[PDB]
Protein chains: 2
Amino acid sequence: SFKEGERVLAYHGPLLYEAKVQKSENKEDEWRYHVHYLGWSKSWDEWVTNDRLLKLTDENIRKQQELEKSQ
Amino acid sequence: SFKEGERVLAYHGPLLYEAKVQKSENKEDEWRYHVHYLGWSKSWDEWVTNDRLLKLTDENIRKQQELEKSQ
């Protein structure tokens, strides 16, 4: 699971954006994460589930790049 | 982390009692567990943190036994 302060990749629409986890919570055997999209307004901060996020690894950054290159 | 429905050992005072996890929640990087002590009044159902609980393993059951014998 993702930790508070952790930088991640996050979908917002079909592209991946760098984000930071502000809060992590689990109820009913499900994680939710309140994320801030880096360089975006705080108005876009929101709760998301695991399926919206990727660990900030070079492997997942390559996924970000592939999506950028295929437009 | 313990799961809903899981039987555990729980301190209530210095002895260990079998209990069941009713609900598990995590906030601020901390699990809490709402437990029912088996055979006890529902009045005693309560939220506890990890320090109050032990996995139902043979080693921890042996700890329960040791505490009973040193009573």
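Throughout, read-outs are computed from the coordinates displayed, never taken from laboratory work. Don't worry about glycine lacking a Cβ; one is built from the backbone with ideal geometry, like all the others, and counts go over all protein chains shown.
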Notebook entry, point to check: Among A:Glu18, A:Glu25, A:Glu46, A:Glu4, which is the only one that is surrounded by 10 or more Cβ atoms within 10 Å (Cβ to Cβ) and touching a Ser or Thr at 6+ places or on another chain (Cβ under 8 Å)?
Noted result: A:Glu4
Checklist line | Test result for B:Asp51, under 29 Å from A:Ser1 (Cβ atoms) and loosely packed, with under 12 Cβ neighbours inside 10 Å | finding: yes
Check: Out of the residues in the range B:42-52 that are of a type outside the set (D, E, K, R) and part of a helix (DSSP H, G or I), which is farthest from A:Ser24 (Cα to Cα)?
Finding: B:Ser43
Next item on the list: Scan the range A:17-71 for residues that are touching a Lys or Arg at 6+ places or on another chain (Cβ under 9 Å) and aromatic (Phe, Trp, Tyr) and report the count.
Entry: 3
Item checked: Selection count where residues are more than 14 Å from chain B (Cβ to nearest Cβ) and either out of contact with any strand residue (DSSP E or B) (no Cβ under 6 Å at 6 or more places or on another chain) or farther than 21 Å from A:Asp58 by Cβ (or both), scope the range A:2-15 -> 5
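Let's see how each residue does on (1) within 14 Å of chain B (Cβ to nearest Cβ); (2) without any contact (Cβ under 8 Å) to a residue 60 or more places away in the chain; (3) farther than 25 Å from B:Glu30 by Cα; (4) not in a helix (DSSP H, G or I):
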| position | (1), (2), (3), (4) |
| --- | --- |
| A:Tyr17 | no, yes, yes, yes |
| A:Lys20 | no, yes, no, yes |
| A:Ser24 | yes, yes, no, yes |
| A:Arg32 | yes, yes, no, yes |
| A:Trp40 | no, yes, yes, yes |
| A:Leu54 | no, yes, no, yes |
| A:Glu59 | no, yes, yes, no |
| A:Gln64 | no, yes, yes, no |
| A:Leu67 | no, yes, yes, no |
Check: Counting only residues that are in contact (Cβ under 8 Å) with a residue 24 or more places away in the chain, part of a loop (DSSP other than H, G, I, E, B) and within 14 Å of B:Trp47 (Cα to Cα), how many does the range B:1-15 have?
Finding: 1
